[PDB]
Structure formats: structure tokens, C-alpha cells
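Just below is one structure, and these are the notes that go with it.
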Amino acid sequence: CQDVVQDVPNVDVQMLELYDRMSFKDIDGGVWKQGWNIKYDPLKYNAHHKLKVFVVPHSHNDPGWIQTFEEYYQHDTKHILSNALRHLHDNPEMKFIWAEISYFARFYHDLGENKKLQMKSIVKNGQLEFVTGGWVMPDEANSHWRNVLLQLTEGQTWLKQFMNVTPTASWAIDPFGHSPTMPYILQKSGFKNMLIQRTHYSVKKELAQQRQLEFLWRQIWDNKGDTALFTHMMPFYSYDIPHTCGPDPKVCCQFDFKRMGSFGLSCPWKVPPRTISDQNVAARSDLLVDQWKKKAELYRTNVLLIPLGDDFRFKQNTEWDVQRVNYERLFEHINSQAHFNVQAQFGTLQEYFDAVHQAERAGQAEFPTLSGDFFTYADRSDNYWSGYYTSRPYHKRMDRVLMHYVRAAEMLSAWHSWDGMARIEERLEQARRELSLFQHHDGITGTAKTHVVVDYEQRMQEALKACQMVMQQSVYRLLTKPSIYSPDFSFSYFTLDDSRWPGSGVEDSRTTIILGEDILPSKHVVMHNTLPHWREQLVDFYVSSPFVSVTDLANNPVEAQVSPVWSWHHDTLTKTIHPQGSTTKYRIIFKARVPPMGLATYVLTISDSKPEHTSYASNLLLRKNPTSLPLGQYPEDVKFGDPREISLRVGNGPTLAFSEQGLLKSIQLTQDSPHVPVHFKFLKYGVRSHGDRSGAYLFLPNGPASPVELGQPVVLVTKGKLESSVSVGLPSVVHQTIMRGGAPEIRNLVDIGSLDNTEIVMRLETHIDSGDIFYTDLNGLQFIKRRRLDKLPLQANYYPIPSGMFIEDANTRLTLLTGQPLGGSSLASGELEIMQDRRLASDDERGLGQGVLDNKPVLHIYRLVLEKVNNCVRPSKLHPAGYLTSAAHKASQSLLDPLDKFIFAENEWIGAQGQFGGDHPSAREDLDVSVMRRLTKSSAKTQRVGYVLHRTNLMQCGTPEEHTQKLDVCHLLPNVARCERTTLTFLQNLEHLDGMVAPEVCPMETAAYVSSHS
Ligand SMILES: *[C@@H]1O[C@H](CO)[C@@H](O)[C@H](O)[C@H]1NC(C)=O
Ligand SMILES: O[C@H]1[C@H]2[C@H](O)CCCN2C[C@H]1O
Ligand SMILES: [Zn+2]
């Protein structure tokens, strides 16, 4: 295994280093506005060394943006694909590349058998080529690597089954900034090449000048370079035709033959395209070839890529003709005019890359190595696209919830083979596809029109229900005596109970377990643990009585705590935000212990009086002019008082101190240690009254944030033996700090209401001497070092915070883990800040056609980990990466993959069992079974189950961390006949494993295995 901590990789280009040196001056470079006047030696090419040009026709189809997926399909895409089939069929030399499989699958299944055959033939012969082959072209900032893999797998699995092809070249022309998580996944999925486009205009200029636009992209910690994937970065402002033929859009626009008038399109540079004729072909070619040769100067080989397309292009037959015919005339002339020394033709992406590597092998070019990412993107001036790191936060959070539900549903149902009548495969396919769809660069990004966002939400809602159905059916089968098991595949044996989604104050959705002497004395509940190690976690349920006790299936009592059900309300009368307690519903909390990838059953029983093993939390409402707060049967009376600072400590965990406004002020790790200053504060950013305005994509603040006026907020303090908390009703946010014995959990019920042109940020202020350094994660896969650059505007220093961020000095580190992707930064030494929501009245001119005024209450969740790191073995000062500690990693897992909770629906569960998976191996803490998916239906003689294993890297800080079993996923199911290592998509077998044993992976490595069972 490579050491991912102590060996600083030696690369030609390291993005953090490059950023440190670059000046980012935005000067007018001429026709190529953000570059310079490219010059070339005409004698460079000749009869013995020609420029090979590949014109690659394409059509960018968004699975939703300003129209829904179905609206686009009906109005544009089905016509684009229908005419592509016809035109390619009739013109053997014409080529076309396709990226979005969600659309292709929709189209193909609607085609008649005759057409399906014609389609398969033009793919087999190389005319129609799939690039990437994912369900969508995913966002690369907010997306979790697990979902990036899910959607890629969904698309490629379809392609393998119906088109008999697996793309090895990736095409990503629209994501707003690019992440190394892509080559990581692609390189481990059989890919050999990838192309990207949206990178900072300053980076394009810098790399172009050094001819480093094509490079071997390796991971920041990869010293050997085995993760390297050849990458081609386009050099210009856009992927449209005016910005793909060469440096001058005024000239290139003249070669987009769909802009002559009848199509309602034109050239903004005032020079329209002209139909090619024998009369003007020589002059037209001279102009075009000149653009090509200038573009060619930015690269190292004699093979040139020239994309030919735009949004939803190649729809009308007339369009296919006008583009094909005119280009055929140009090719015939150019290729027959020796003085040009050029050979041009229509080609595919793979054809381009094959030629490039042929030139490389011929020894005509050597490519530079590179590590780092391409965030934060800016397409011009100071317009940095850090706004979408936060836009539509409700759905960003929903993404993480569904991500987990999909994993849990696939894993729970993978243990058994199911009869087709159970509709298991059906529901899981729907769930995977709706989640995959949302990974689109206009989905999770929060950059779609209001009604499209609604469509995505509806789709995810159906996916969640599908997951629940599969999960509950699975639990019933796994925990019921076999000879008693009698399933009704349409029946709900269990109801999922989720305390954090949609969340309290967002939607009263969770059911109350109703118990009573005259109706029902007890109720069974079951917890599921998708993680491959034994896990304990507090779980809570709503009950109709405070007099409830918990026991496991062995009838062993389990210590529990009951607390009231508090709901915050904006009192329109008193103009105050205060909590009201329920007099009929209560929360019971207890510690559940679940086997690795297993289940554990408990029983809740009601009694006439306070049970022996159940304690009751005290409650203190701090505020002036208080009013009574009755709580029905609740044992203890609420106490009141004027606002004041308070301190709390649960178990032997840390001691937290709060201000009289209910905000964190300090953290004391141990009774000995000091009170480390850690202050939470809420501020607000505005919008500029002059110039460019912030929108769904752009973050253009009118200066540093201003503190939110808090007034005299109402603070609620709940103190319990197992869980305590401090909640405060602030303007736009009910802020809550929950303690259970370890790092606190933070929950924000964010309702920006009608505060137009406002962006709410949550900031942490400390004494940590971090300087200008901070760390953020990329797709929940790795942590990359960031350097605040004062030479860049505030918005440029904002980065994606998909799952976590941290700052540290020689001795102390503060890590904030998230349960949803949001935007954030460290604008000053010792600070961390992350945006909660943003409401913008104006459009930011990128095509959306609207601002963001559809905000809705969302419950954001976090874990705040303060730790001493002076004893940790960390990377040298020059290493571009950072790594989490065991505590921080486990805290992240508690947010993204918590225990699942099931409530038995009927009055009695006959044949109930108390546990499943007690014999499952408990793997080392840095290892996870990211995916467990049965790949075969019940009719298959040889069953196959696929596993994706990921091992992260945790810092060694002196903790022994011992006794853990080796995890061999190939033996998780009985009767294993073979074990094979496969690509992450499970589509290609890479190794036949002896002894049928799947070995664990190295730190920061991800592998996939498929076990076959007879
Ligand atoms: C799939 O493509 C491969 C090319 O390697 C070919 O050998 C095989 O026969 C094809 N299978 C079909 C008919 O889909
Ligand atoms: O995705 C749509 C849009 C993005 O939302 C912002 C950049 C320009 N893009 C072109 C469209 O495909
Ligand atoms: Zn797009």
C-alpha cells in the first residue's frame, strides 16, 4: 500500500501551488478576450507532418433545467435522437456523440424493434458513440462520490445490456468547476480518457501558455501515479461552436450553419455564417484552417479536437443537413489542398484520444502530470460560481437522505433472492434512477426553474417511498421465523421513523407509537446499521405516554430518557419565536446497539407510573415575560428564568458553555483541560445595488457579512442523563446544540422567509492559529488543502463543503461535518463559515431566467469536533491533502449513514426475532461497504452479489485501536462458488480471486468485488 500521508507527490502542475503563483489579472487579450493573440509558424505542418482534425458533432441535453426532464424529452430530445438515427443511418461518414443515458434509455425503449436494430448498428459501426455513459452529466461540487458512482453505474449497466458497449472516454462540458473525484472513479471504472471544460479563465490561459491543457490527472496523495487518467481541458470560454473552432468567436460563429436566420439564431459578433460554395470555399477554408492552426498551438500533438455542437442541437432534419453539407464541402477542399497540410473529418471523442496516444507513442509528445481540483470556477471578471454550492438547500439535504435510503434498501434486500411478485428490483431501479437523475448539474446544484425543482423533489419523494417499501419488507423477512413468514408484498409491516427528515418544524410526518392499557401495551421497533462494524447510537421515538420502558428481545432492560416534544412557532401576536410543548406526545430516547450490516429489535412497554429504567429530562425556558408551559403527563414541571449564560455536560464528554443568546461560546474537552473559545455566530450577506447581481449560480456579496440582529431570543434548555440540548429561536433560524456524550450535534431549522437578497451564514470564531489555510472535502471522498487568497474577491474563497471542513494549527483542530452540501470558507485565521440558505430577487444572467425566491424550511444537521492534534502524524507542510481523525470520521458517518428505525405496524409480530447479523465481521473503522447490491434476479442459477469497498485514511494520533476482524465480503453470503475483483460498475471482471477471498483495500483506495453463489 502507498503511504498517502508522508510522501509528497512530485507533479508538474499542482493546483494549490499554481494558485499561489498566479496573478489572476483579467486583461483584454483581443478576439480571444481571456487569452492572447495566438501566433503559429505556417511551416510547422507539411506533407510529412499534417494536422489531423477531428470535428465531433454533439448535442448537450439537460435532464431538466428550464423545462422538466419529460418536457424536454417531448419537445426536443426525442426528435434529436430520432433524427440522429435517420441521418447517421443515411450518411455513413457522419458522426455523433451522446452523453445522457437517462434520455437515451427513455428513447430506446419507446422505439420499435426495427429502429432498435438500426440504432444498435450505427453504434456498433462507430457512428454514434457514447461518452461517459452516465445516467446524467453530474455536478462535481455538491455530489457525493457514492452517487456519482451510482449514476455512472446506472447508465453504463443499461448501455452494456442494450448497446453492448462500455465507454472508456468521459465528456463533461457543463459542470461548473471540476473535481478529481471524477478521474478517481473513472480510472477505477475502466476509463482511459476524460475531457473537461468549465475551469477558471485564468487557469485556461496559464495552462495554455505552457501547453499543459492535456495532462495525466492523478490524486493529490498519489505518489506513484497509478490513479492517473489522461485529461483534456478545453481552452476557451464555452463549448458552443463560436468558442470551439479557434480563439476568435467572430470567425467561429460563421461556421455554425444553424445561425443564418430561418432557425431564429444569429451571430452576436455581427458576421453571419455563409453557405459554402465552390466560389467561396477557398476563402472560407483559409479562415477556418487559420483558426484550427491557432487552436493547435495550445496543444502538443498534431491531432486536433474540434467539438461541433450546443444545447439541444441537431433537432431538425434541416439542421443536420445544413451542418453536414457545409462541413463536407470544407473537408473536401481542405483535404485536397496540399498547401494546408491538413486532413479533416467528422470523428468521435474516442477517435480523437486514440490518435493523440498514437502520436504520444510515436514519441512526438510527452504529457505533464497534475494534481488538484478546479474550484472555484469563474467564467469572467469577478463572477465566481460559488452561489450554487448553497442554492436550494432543502433538496441538497434531501440528496444525502435519499443517498442513504438507497444504500440501505439495496443492502437490506440483497441478503435474499426475491420473487418477481415482490417488486423489489422494480422499486430499487426507480429509486436509483430518480436519485441518479438529481445528480445532474442543474439538479443538486439548485440551478433549475421552480417547477423543475418541484419535479425533482416529487421524483425523490417517490424514491424515498420505494426505499421504505423495500427496506420494511426486507426487515420483516430477516427477523421472522422462516416457517412463520407469510408476506403480503403490498403490506406495510413496518413504518420508517426518521427524526431528521424532513425534520421537526419542517413537516410533522413521523408517527406516534400509541400505547395504552385499553388499546395496546407494547410495541416492537427495529434498528438497522448499514455500516460494517458494531455500532451504538441513541435513537428516539414519539410515544403517547411518558411512562414507557425499553427492553431488548432477551427482555433485558435498557436505560432510557423521556423528553417533551417541543415545536417552535413564530407568534404573530407577541412577535416572538418561542417553543410550545405537546401534552399528548413525548420523546423516548435510548442507546441501540446493532451488529455490522445488521438489525436489532427492542420493545417499548407502557406502565401506569414512572418505570425504573426511564429518566425524565428537566426543561428550562429562558426569557423575559414567560408564560406557563404545561406538558400533560410529563413528570417534571418546566422551569423559567431570565436569559443567562449556561454550561452543560453529558456523560464524561465535553463541557459546553453558551451565551445568554443560546449560542456556543466555549468547549472543554476534559475536566482538566481549559475552556477553548469556540463561538457560533449568524451573519448575513447582501446583494450589490450596482453591477452584477447574485443569483442561483453567482455569489456577489456587497462586502463582508453583517451580524444578524438577535434581539432578546428565547432559549430552551433541556437537560437529561442521555441527551441534553440548547435551542434558541433566532430570526430565520431555530439553532440547536445537542449533546449525547461526545462531539455535539448542531441542527438549524432554517426559514429565510421573505428576506429578499439575503444570504444567511453560520460562522465559528476561534483562537486557532490557522492563518490562511483551511480544508474542505471533495464529494465526501477526500479532504483537500485550501489557501485563502486575498488577491481574489471574497466569493472566490468560497468552496464546496459537500460533507466537511476544518482548520488547525500545531496543537488544535476544529472540524465541522455536514449532513448536506453547502458553500463555505475560512475568511480569517481561526474561522470557519458555511452558508445556510440564500434568497435572491434577481437573475444572474446565466440562462435560468429567475432568481431564487422559492425557499422553504430546511433542517440542516452537523457535528462539531474540537480536538488536540499535536500528537497526530500529519502530512508535511507541502502536502496538498489533509485527513480526518477517527472521531471526525465517525461523526461524519453518524450524519450521512445513521441507524435506520422501523416501527412494527400491527399489534403483534408473530415469529419475531431479536437480531440479524450478529455473526457479521466487524471491520476496521476506516473500512466501509459503500455498496452491497445483488446483481441477479431470482431465476438465475448462479446468483451474484456486488460490493464496493472503500477504505479512507485516518490520522494516527497515538490511539491503540485494536481487535477487528478481517472483512471478506465474498463470504458474507453462503455457498460461494467464486470471487472476482471488478470495475466499480461491476461491468468487467479484473481478477479471479483464489480461495474465493476478497482482500481488503488500501487507504484511500476503492475496489469492487462480485461473489457468485451456487
Ligand atoms: C458485443 O460486442 C463484442 C465485441 O467485443 C462482441 O464480441 C459480441 O459478440 C457482442 N455481443 C452482442 C451480440 O451483443
Ligand atoms: O445546464 C444549463 C446551463 C447551466 O445551468 C449554467 C451554464 C450554462 N448551461 C447550459 C445548459 O445546459
Ligand atoms: Zn447543461
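Just so you know, residue 1 is the first one in the sequence shown, and it goes up from there. Numbering of ligands and ligand atoms starts at 1, following listing order. Note: hydrogens, waters and symmetry copies are ignored here, and every other heavy atom, side chains too, is used.
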Do you see a donor-acceptor pair shorter than 3.5 Å between the side chains of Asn779 and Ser179? yes

Mark up the atoms of ligand 2 that fall under 4.0 Å of a heavy atom belonging to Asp311, in ascending order. 10 (C), 11 (C), 12 (O)

Could you tell me if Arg198 and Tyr377 have a donor-acceptor pair between their side chains, going purely by distance under 3.5 Å? yes

Side chains of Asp139 and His440 only: does a donor on one sit below 3.5 Å from an acceptor on the other? no

Can you find a protein heavy atom under 4.0 Å from atom 5 (O) of ligand 1? no

Can the ring centroids of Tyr388 and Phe699 be said to lie less than 6.0 angstrom from one another? no

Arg688 bridged to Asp692 by N-O distance under 4.0 Å: no

With heavy-atom distances below 4.0 Å as the criterion, list the atoms of ligand 2 near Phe176. 4 (C), 5 (O), 6 (C), 7 (C)

Would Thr77 and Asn61 count as having a side-chain donor-acceptor pair, cut-off 3.5 Å? yes

Provide the number and element of each atom of ligand 2 under 4.0 Å from a heavy atom of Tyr697. 4 (C), 5 (O), 6 (C)

Contact (N/O only, under 3.5 Å) between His60 and ligand 2: yes

With no hydrogens and no angle check, do the side chains of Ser436 and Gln151 hold a donor and an acceptor under 3.5 Å apart? no

If hydrogens are left out, which of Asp442, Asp62, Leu848 has an atom nearest to atom 5 (O) of ligand 2, that is, the closest non-hydrogen atom? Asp442

Is_contact(atom 9 (O) of ligand 1), protein non-hydrogen, under 4.0 Å: no

Any donor-acceptor pair under 3.5 Å linking the side-chain atoms of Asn383 with those of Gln795? no

Could you tell me if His87 and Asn317 have a donor-acceptor pair between their side chains, going purely by distance under 3.5 Å? yes

Report the C-alpha distance between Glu70 and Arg106 in whole Å, list the side-chain angles of each, state the deciding distance to 0.1 Å, and finish with yes or no for salt bridge (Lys or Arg N to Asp or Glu O under 4.0 Å). CA-CA 10 Å; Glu70 191 61 26; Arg106 173 86 175 70; 2.8 Å; yes

Of all N, O or S atoms in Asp62, the one closest to the Zn ion (ligand 3) is OD1

Looking at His441, which atoms of ligand 2 are within less than 4.0 Å of one of its heavy atoms? 1 (O)

Shortest-distance N, O or S atom of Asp174 relative to the Zn ion (ligand 3): OD2

of all protein heavy atoms, closest to atom 13 (C) of ligand 1 is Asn164 ND2, 4.4 Å

Give a rough value, rounded to 10 degrees, for the angle at the Zn ion (ligand 3) between atoms NE2 of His60 and NE2 of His441. 100°

Can you check whether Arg846 has an N/O within less than 3.5 Å of an N/O in ligand 2? no

Looking only at protein heavy atoms, which one is nearest to atom 8 (C) of ligand 2, and how far off is it? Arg198 NH2, 3.4 Å

Around atom 9 (N) of ligand 2, find the nearest protein heavy atom and jot down its residue, atom name and distance. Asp174 OD2, 2.9 Å

Check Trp385 against ligand 2 and report side chain, backbone, both or neither, counting heavy atoms closer than 4.0 Å. side chain

Applying a 4.0 Å heavy-atom criterion (strictly less than), which segment of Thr445 is in contact with ligand 2: side chain, backbone, both, or neither? neither

Tell me yes or no: between the side chains of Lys160 and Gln156, is some donor less than 3.5 Å from an acceptor? no

I need the contact type for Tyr239 against ligand 2. Using non-hydrogen atoms and a strict under-4.0 Å cut-off, is it side chain, backbone, both or neither? side chain

